[PDB]
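>>> Model the following, please.
(chains A, B, C, D, E and F, ligands or ions: 6)
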Amino acid sequence: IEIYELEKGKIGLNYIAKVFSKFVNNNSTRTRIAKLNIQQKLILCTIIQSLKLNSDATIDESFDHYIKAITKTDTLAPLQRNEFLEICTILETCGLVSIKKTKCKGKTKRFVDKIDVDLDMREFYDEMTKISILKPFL
Amino acid sequence: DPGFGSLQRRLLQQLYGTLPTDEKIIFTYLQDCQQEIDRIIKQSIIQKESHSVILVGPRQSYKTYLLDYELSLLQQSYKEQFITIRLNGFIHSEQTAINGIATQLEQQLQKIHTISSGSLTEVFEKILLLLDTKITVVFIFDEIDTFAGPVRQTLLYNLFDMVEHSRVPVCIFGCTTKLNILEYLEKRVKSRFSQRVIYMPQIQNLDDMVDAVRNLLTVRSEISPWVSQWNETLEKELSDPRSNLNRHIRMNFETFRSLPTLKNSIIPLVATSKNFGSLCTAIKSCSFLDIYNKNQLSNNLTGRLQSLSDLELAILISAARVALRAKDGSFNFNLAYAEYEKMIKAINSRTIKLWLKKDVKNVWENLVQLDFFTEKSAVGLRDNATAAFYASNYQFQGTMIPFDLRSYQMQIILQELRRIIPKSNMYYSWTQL
Amino acid sequence: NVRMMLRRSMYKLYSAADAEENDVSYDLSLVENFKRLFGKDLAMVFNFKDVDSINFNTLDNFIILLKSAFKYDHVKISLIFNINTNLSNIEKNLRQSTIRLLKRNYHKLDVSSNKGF
Amino acid sequence: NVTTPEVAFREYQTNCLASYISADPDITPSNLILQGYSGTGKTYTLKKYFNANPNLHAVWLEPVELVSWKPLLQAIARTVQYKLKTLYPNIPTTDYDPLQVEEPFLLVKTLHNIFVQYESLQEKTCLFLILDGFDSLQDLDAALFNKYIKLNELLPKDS
Amino acid sequence: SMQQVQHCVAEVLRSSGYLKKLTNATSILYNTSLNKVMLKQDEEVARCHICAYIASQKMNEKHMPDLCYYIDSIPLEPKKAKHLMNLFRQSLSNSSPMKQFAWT
Amino acid sequence: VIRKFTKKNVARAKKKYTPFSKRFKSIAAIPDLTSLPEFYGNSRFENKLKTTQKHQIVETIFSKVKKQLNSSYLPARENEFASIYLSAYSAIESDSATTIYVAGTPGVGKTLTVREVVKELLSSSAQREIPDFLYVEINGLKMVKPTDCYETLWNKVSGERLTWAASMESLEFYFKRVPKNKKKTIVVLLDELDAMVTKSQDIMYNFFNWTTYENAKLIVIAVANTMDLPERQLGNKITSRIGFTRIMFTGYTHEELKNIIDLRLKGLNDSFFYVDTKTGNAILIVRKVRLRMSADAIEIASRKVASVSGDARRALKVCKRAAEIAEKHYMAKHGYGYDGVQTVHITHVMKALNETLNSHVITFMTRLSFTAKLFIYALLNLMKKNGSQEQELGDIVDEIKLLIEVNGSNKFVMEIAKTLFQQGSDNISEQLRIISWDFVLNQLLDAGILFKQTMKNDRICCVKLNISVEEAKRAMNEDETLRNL
Ligand SMILES: Nc1ncnc2c1ncn2[C@@H]1O[C@H](COP(=O)(O)OP(=O)(O)OP(=O)(O)O)[C@@H](O)[C@H]1O
Ligand SMILES: Nc1ncnc2c1ncn2[C@@H]1O[C@H](COP(=O)(O)OP(=O)(O)OP(=O)(O)O)[C@@H](O)[C@H]1O
Ligand SMILES: Nc1ncnc2c1ncn2[C@@H]1O[C@H](COP(=O)(O)OP(=O)(O)OP(=O)(O)O)[C@@H](O)[C@H]1O
Ligand SMILES: [Mg+2]
Ligand SMILES: [Mg+2]
Ligand SMILES: [Mg+2]
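Numbers count the residues shown, from 1 in each chain, chains lettered A, B, ... in the order given. Ligands and ions are numbered 1, 2, ... in the order given. For reference, the structure is listed below:
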């Protein structure tokens, strides 16, 4: 009834589907990756690779991995740590990367910024396959 | 000589920064920072704009000095326009900061012309009723990082919400040592904060330190008949690049890069002079600065090693070589005494009194007390009182076994002992393994 | 720990001195101001029950803490150590400075039921 | 204007104590540390310095007798109030209780209330609080000394 | 990528000399544009082209007045392309990295 | 009687303990609470911050822009506004109890939209087309205790002051047992809902379970920061009671941010002021000076802020910071004080956007002394050698000593070695640590550059870099001595 009298008789079956579409944000990783540019996609790939090889990684270790990959491959120009962090928050705004604040589990346990990913690998690799200048980072 | 006493007292006043406000010394490399602070304060106290800003710099990098100078400068011309709430993150906790704000608000509003009464809920409600022409409230909040914890930043939320949405003009000056202070903030707190961060200037080059020493030691008022001769002597020493002051300033620039460190040595150089000629001789020779530097290093590992007796040195050497032969570096009293008795027999076979095991216990306890050995895998002094309380309510396994079985690790190793024990000492050949 | 030993000792001291004849801090300054609060000298006798069960580092630090009351003219302190093992057992679990401290005025006495049968 | 006594092998230390400790609060540091191991004559030199300058107002606290931080704060409040009562007996004072100090903030408030009722004095004076054996506190942490370092900034400047 | 910047500079216009200088510019200007100028999914397909055209104006003002360039190579609407390229010029043609790129 | 400890600073409020269920002897004994003189809302601190203005302050050409761009002063939120308003209006007019869940990122206009909804609802109630209601605002981050909301809401309803437990059974009795004809509708804004989440989750259950009561006439509008909060932190009961419908406030697009900034810059942009050249004070309509802030600058700032957060607070603050940079340059040029065209250009907007991006950490490490740089160089050398992220301090001491004693033939090392190990002085013996070793260690610990573990043996204690390794490398090889070797 809320949608029916916000958009204006017996109300239809289509308004039930409109309810189930309006209050379920069915965001796809396809649509999220497709709204990025080449540099945000590249930094997303380096973040994915750094979490693949370390999986308890800080912002600064992921930036180190990004610098090592971008000097190994030499695509565009390397970024400074704060610009890397800003693009990480851009990926938060898009909804692909989350940065939390957690304790370490080493000999010097303090709180650090940590990257988690909530995206599924299959459509991520499928979208990143179609870009030729990104496959050194896959 | 009352003239030399007046000159000495003025020199000490300039070194402690306790001149009147119109005579206070701002270093050259510090104008660009302080003018910026001078803008923000004057936009809040005078023009009634709300501001929040964090000063970021190391300890003794003139954050408190510049802020106090700004508040004392605005005190003499706009006295009724503003009040000051001072909070310190070491002293105030999350609960006691509320009572500190309420008490300071009451005692400052009774000074310009209750909130403080009741439980903590009522005090916080009265503060938010008060704070959510006008009088500018200036918050000077030292150690902003301690209230920027990962659990809940309630006070920072409320204070930055006061800066944003309240119609009372509020100035907040946080201060910290943490370079990445913006990442400490929670998303809503960071959103409400202006994200204006002022980084304190550092000393970049040597004649900044030379000019700061010149500003510290030049008497710019005519209060003594010795003023002109002192100024000529100081300018002659500071202009000559091979003088002893320039050597000590260069040494400070290359090791500490700290003007408070230099002032802590310059103050007893001035204060121990009996007359003007002694002061000029002291400032030319800088011989007191070498005695000062020797005293500041008199209780480190080298001086404590030089204070040791011959039996103390023998026990320390034996423990060091046992620790070097060990895998984890661990040793106890028994193995150290076995090494000691083998070493004394091998000396006497080529006459040193061999002390019994019941007498080496006192030497061992003296060596533990003088921080030459530490207990194996010992935390030591805890960071906060809660962890210290938890450690005090627990009995460690080392304090229940006998003293001759306790595992220790060395604070100094055998190579350093070989380096700083003299060649003519008769225990020297035992420093090699 | 030492803090609990001092707190219980000062609470017992204040309780006894109130029962024998405003609140105070339960630390050794109560021993410092004893003549100003009660007008009398202080003779403290410490009975350490079952010393062969107490932590020896804690007992050592408590004895070093009690040494600080020797600068007050109105205080004298007695210590009673209840031993069931040997004297040398407690002598090698205490630091040698504490042993030198206890050696100035010490007596031994056998308590056990097989004393001369 | 201070007397430097003769200590037999602590001449440099006694000269430094003459350099740092004086009755004028402008040319005196807020904090001063004497560091040395046991039996090095720290207490002996400090007593000979303060006995040779009887005009200096000193309060002596032993943290070893206090053991924890809360009795140290209460002892600070009690001893400062008693010394200021003995020093200026013709100044009427409200007797604030030492036992209401449970936080460092409450010590700041109590010291404010004690020092604000001595403004009838004609000259600025120093009160030297000597914590003889600070790290001999039994329940010591790394954060306690920071509060005592920063304590002077929460007290008024024109007191 | 060299092929995209080469094709974009080519079709904005009409080796390793002056066209090489222009390619090097479009690349630096595009790389800093990726960080400081944000476009949506439509406008992004002309981030190279617009950047290329900016470098073209620089040549026309600095060394060679005879160089020719036209606007409609940009695959957006010419009003939208005009607005975007004015936005790009005014924003980061005075940027501090893009000040010591010798145009000679 | 002698106490074992004392509590000498107890402050207890004057709160009664008897709840509302025991005020009257029966359900029929309760009167119409809308007529009671204390119920339903039926400040003394505002004059305390008044003083005497004896000066005349100068408001310049950019002063009105900076004052007008503040957060204290509804274009892009009209579907969310319509949804919240229609749900709340239907709940008020039918005498129903309803939960409205609103979630979003910071600064996207959640509190502003809910407040505008309740202002239009109160205006609609003032025209006597919906029944009158009481509006209660509870912010979870403005409470000392989480249970104080029980204290707050009941105090807004009855005017009594009780403890939190008695307030909780008072609210339960009021919402369930009292009939609709004796009650008034209550609209509660619960803002910062996550701050009111406890381990027991009793406050969540109570506040959302009162909306399931027939007699309650309670409308709870809960504001969250995430949409998955009831699934992640709350149980299935509270998630079921909150409901399937959940209003998400998306981050603003750059068109919406530009519309917000242009709405605040209507009447000031492309306008003329009368400006005094003697003092600097400017009056909105002596010189006639035109003020502009360019639309390209606003669109650059809006696009950057919309991609990073979509936050209206950041867009307004970036515009205000750009205007303050321009106004600082203006006062520097004309020599004005704090007692034909002026433009906020795009360069000020780029400076405002770059001042939070410029990475002072590298600059800080560049402007350190030689001993601190030598420490960082030695630590980086150990991480290169043995490949570990944590290095023992004794290893750093030994490799500093090796770095001094191997490249001795460098002229700077021949100048610095006597300073490093003897402080330039005979009669000072050779030192095991360098001069200012603990000083630079504590200085790097204060900055957050270093992490040190808590051990009492200084040699086996570990040190880790908290900052990224590449920025430490570029700061180190900026130094001419350290990059030479
Ligand atoms: N009000 C003051 N008057 C005079 N000198 C002062 C004043 N406050 C500080 N100083 C001096 O200024 C120097 C710099 O120390 P300052 O207190 O300003 O440090 P800070 O930068 O605030 O550091 P921290 O982070 O440790 O608080 C010191 O020599 C100190 O004695
Ligand atoms: N320079 C000296 N001249 C004469 N007697 C001295 C001197 N130094 C120390 N003494 C004597 O040695 C005793 C021990 O010195 P003191 O109590 O001052 O040491 P300390 O460094 O304060 O020790 P601790 O840290 O153990 O308290 C003094 O009480 C005094 O009798
Ligand atoms: N649509 C809008 N039109 C005008 N100004 C707006 C709009 N949205 C937000 N603002 C501005 O942004 C400020 C902050 O917004 P608001 O307090 O509503 O944020 P919020 O989403 O509740 O954030 P938080 O989660 O931090 O509480 C408002 O006070 C107002 O100045
Ligand atoms: Mg400070
Ligand atoms: Mg002593
Ligand atoms: Mg809000």
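
>>> Look at residue F:190 and give its secondary structure.
strand (DSSP: H, G, I helix; E, B strand; the rest coil).

>>> Can you give me the neighbour number for the residue of chain E found nearest chain B?
Per CB to the nearest CB, residue E:36 is where chain E lies closest to chain B, at 17.4 Å. Heads up, the C-betas are built off the backbone N, CA and C, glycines and all. Using other CB atoms under 10 Å in any protein chain shown, the number of residues around residue E:36 comes to 17.

>>> go on, residue B:391?
The burial count for residue B:391: 16, using other CB under 10 Å.

>>> What segments of chain C are helices?
Per DSSP state H, chain C has helices spanning C:2-20, C:29-32, C:34-38, C:56-67, C:87-91, C:96-102. These are given in chain order.

>>> does the first one come close to chain F?
Yes: judged by CB under 8 Å from any CB of the partner chain, helix C:2-20 comes into contact with chain F at C:11, C:14, C:15, C:18.

>>> any chance of the helices of chain C in TSV, with distance to ligand 1 too?
Shown next, in TSV, are the helices of chain C (distance: least, CB to the nearest ligand atom, whole Å):
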stretch	distance to ligand 1
helix C:2-20	31
helix C:29-32	32
helix C:34-38	39
helix C:56-67	33
helix C:87-91	48
helix C:96-102	38
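
>>> Take those helices and write them to JSON lines, including distance to residue F:430.
Output for the helices of chain C, formatted as JSON lines (distance: least, CB to CB, whole Å):
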{"stretch": "helix C:2-20", "distance to residue F:430": "40"}
{"stretch": "helix C:29-32", "distance to residue F:430": "46"}
{"stretch": "helix C:34-38", "distance to residue F:430": "53"}
{"stretch": "helix C:56-67", "distance to residue F:430": "36"}
{"stretch": "helix C:87-91", "distance to residue F:430": "42"}
{"stretch": "helix C:96-102", "distance to residue F:430": "33"}
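
>>> I'd like those helices as a markdown table, with distance to chain B and mean neighbour count appended.
A markdown table is the format used below for the helices of chain C (distance: least, CB to the nearest CB, whole Å; neighbours: other CB atoms under 10 Å in any protein chain shown):
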| stretch | distance to chain B | mean neighbour count |
| --- | --- | --- |
| helix C:2-20 | 7 | 16 |
| helix C:29-32 | 21 | 20 |
| helix C:34-38 | 27 | 14 |
| helix C:56-67 | 4 | 19 |
| helix C:87-91 | 9 | 13 |
| helix C:96-102 | 4 | 16 |
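
>>> quick revisit: how far away is the residue of chain E closest to chain B from residue D:149?
44 Å (CB to CB, to the nearest Å).

>>> picking up where we left off before, now the two most distant members of the residues of helix C:2-20 next to chain F.
Pairwise distances across the residues of helix C:2-20 next to chain F (CB to CB) peak at 10.7 Å, for the pair C:11 and C:18.

>>> Now the common contact residues for those two.
Residues touching both residue C:11 and residue C:18 by CB atoms under 8 Å, 6 or more residues apart in numbering or on different chains: residue F:2.

>>> quick one, longest helix in chain D?
helix D:69-87.

>>> got the contact list for residue F:381?
F:399, F:403.

>>> Does residue B:134 touch residue F:52 like I think?
No: counting by CB atoms under 8 Å, residue B:134 sits too far from residue F:52 to count as a contact (11.5 Å).

>>> Same drill for the two, tell me which one is more crowded.
Ranked by neighbour count (other CB under 10 Å), residue B:134 and residue F:52 place residue B:134 first, with 14 against 8.

>>> from chain F, which residue is nearest to chain B?
For chain F, CB to the nearest CB, closest residue to chain B: residue F:456, 2.7 Å.

>>> Could you work out the end-to-end span of stretch F:457-475 for me?
Terminal residues of stretch F:457-475 lie 30 Å apart, using CA to CA, to the nearest Å.

>>> number of nearby residues for the residue in chain C positioned nearest to ligand 2?
Here chain C gets closest to ligand 2 at one residue, residue C:68, 9.9 Å apart by CB to the nearest ligand atom. Using other CB under 10 Å as the criterion, residue C:68 is surrounded by 16 other residues.

>>> Mind listing the residues bridging to the most centrally placed residue in chain D?
Among the residues of chain D, residue D:129 comes closest to the average C-alpha position under CA atoms, centre = their mean, at 0.8 Å. Here residue D:129 sits in beta bridges with residue D:59, going by DSSP bridges.

>>> isn't it right up against residue D:72?
No: contact criterion CB under 8 Å: residue D:129 and residue D:72 do not qualify, at 10.8 Å.

>>> got any residues that touch both of these two?
With CB under 8 Å, 6+ apart as the test, residue D:129 and residue D:72 both reach residue D:61.

>>> picking that back up, go through the helices of chain C and name the closest to residue D:18.
helix C:29-32 (30.2 Å).

>>> So which bits of stretch B:396-416 are buried?
B:398, B:403-404, B:406-414, B:416 (16 or more other CB atoms under 10 Å in any protein chain shown).

>>> what distance separates the longest helix along chain E from the centre of its chain?
For chain E, the helix that runs over the most residues, judged by DSSP H, is helix E:18-36. Helix E:18-36 has its C-alpha centroid displaced from the chain centroid by 7 Å (CA atoms, centre = their mean, to the nearest Å).

>>> now swap in stretch D:18-38 and tell me
Relative to the chain's own centre, stretch D:18-38 is displaced by 10 Å; criterion: CA atoms, centre = their mean.

>>> hang on, the earlier thing: and the angle from the longest helix of chain D to helix C:2-20?
50 degrees (axes from the mean of the first three to the mean of the last three CA atoms, to 10 degrees).

>>> Give me the contact status of helix D:69-87 with chain F.
No: on the criterion CB under 8 Å from any CB, helix D:69-87 is out of touch with chain F, staying 10.0 Å away.

>>> That helix packs against which elements?
With contacts defined as 3 or more CB pairs under 8 Å, 6 or more residues apart in numbering or on different chains; DSSP states H and E, helix D:69-87 has these neighbours: strand D:58-61, helix D:63-66, helix D:104-115, strand D:128-131.

>>> Looking at these, which is nearest to residue C:117?
Closest to residue C:117 of these, according to CB to CB: helix D:63-66, at 47.1 Å.

>>> Kindly export the closest one (C-alpha atoms) in CSV.
C-alpha atoms of helix D:63-66 as CSV (Å, rounded to 0.1, in the frame of the first residue of the first chain):
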residue,chain,number,x,y,z
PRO,D,63,56.3,6.5,48.3
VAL,D,64,57.6,3.2,49.7
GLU,D,65,55.4,3.7,52.8
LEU,D,66,52.4,4.5,50.6
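
>>> can you pull the contacts of the residue nearest the centre of chain C?
Centroid-nearest residue in chain C, with CA atoms, centre = their mean: residue C:46, separated by 3.9 Å. By CB under 8 Å, 6+ apart, the residues touching residue C:46 are C:9, C:66, C:77, C:78, C:79, C:80.

>>> what bridges to it?
Residue C:46 has the following beta-bridge partners by DSSP bridges: residue C:79.

>>> How about residue E:34, nearest residue that isn't a chain neighbour?
Leaving out its chain neighbours, the residue that sits closest to residue E:34 by CB to CB, 6 or more residues apart in numbering or on different chains is residue A:39, at 4.4 Å.

>>> Pull the contacting residues for that neighbour.
Neighbouring residues of residue A:39 by CB under 8 Å, 6+ apart: A:76, A:79, A:87, E:34, E:35.

>>> any idea how far residue E:35 is from it?
From residue A:39 over to residue E:35 the distance is 7 Å, taken as CB to CB.
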